[PDB]
Structure formats: C-alpha cells, structure tokens
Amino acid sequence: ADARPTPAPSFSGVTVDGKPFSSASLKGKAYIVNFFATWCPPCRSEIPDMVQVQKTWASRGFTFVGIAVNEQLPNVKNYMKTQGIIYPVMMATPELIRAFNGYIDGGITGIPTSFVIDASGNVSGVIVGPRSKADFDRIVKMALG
C-alpha cells in the first residue's frame, strides 16, 4: 500500500492592498487557502475567527491566504480594513482558481471553500463546511505536525 502525496500548487500575485505575494514564501509552512466573498454571509461569519487564529499562529509557521471570488476591488479592500484582515488576500484570477480546482470534484462551486496545506507541502484536506475558531486552531496544530 502507498501514500501518494498531493503537492500544493505554485501561485503568486499582488494583494488587494498592494503587497507582493508568492507561494515560495510558504516553504515549510502550513497554510489554508480560503476562496471567499465578502458579501457571502458564511464568509462574513468565519473571516473574523480566521483573523484571530492568524494572530495566534503568525510567527509559528502558519498563515491563511484569501482569494476573493465574485468580488470587486473596493469592496474587498474595505472589508480588509473593517475586519483588520492581516493575512495576504488576492483578487481571484482564472489561473488562481485553476491552481486549486483540481483538488475537488466539480471544481470550486461553493463559498467559502478552503484547502489545507500541511507543513510537508501537501494538500491534506478541503473545507467546504463551517469551522469554529477552536476547529481552525486544532486544524492548524495538526497541519503543523
């Protein structure tokens, strides 16, 4: 029997707040890539918990990365300001969507949909249901090893 890893994709770009982002920066780090929209109520419920979890783990080898789908730049930039989003967030591009589409049957068709990449660099799981603050905290602990 074999353990087939699922290497995370490479991706990069410019964030909504005008900063550089490269997945190269994430070598050896666990991270969760969150496809979201700020108008979507389950996203509005979960992103503040994500921001709190980011604060706990930012210097402990983990980060969220947000990719905003079905969105507009001024709306996402203002949500970042109002909610104090402190992890990288990019507007979706077709390339960013196709980078992750392959990990879920049907592709990404609901939001929020998030992908858990462990500190090994493998995609370990897909989140397509709500998660509590405490659930994200435990997921990060597990993903880090």
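Residue positions are given as counts along the sequence shown, with the first one as 1.
Between 97 to 105 and 73 to 81, the higher mean Cα B-factor belongs to 97 to 105. As listed in the deposited structure, the average C-alpha B-factor of 114 to 122 and of 83 to 91 is greater for 114 to 122.
In the PDB entry, a CA B factor belonging to the middle third of its chain's modelled residues is recorded for residue 12. Annotation for residue 29: C-alpha temperature factor in the middle third relative to the rest of the modelled chain, per the entry. Among all modelled residues in this chain, the alpha-carbon of residue 129 has a temperature factor (C-alpha) in the highest third.
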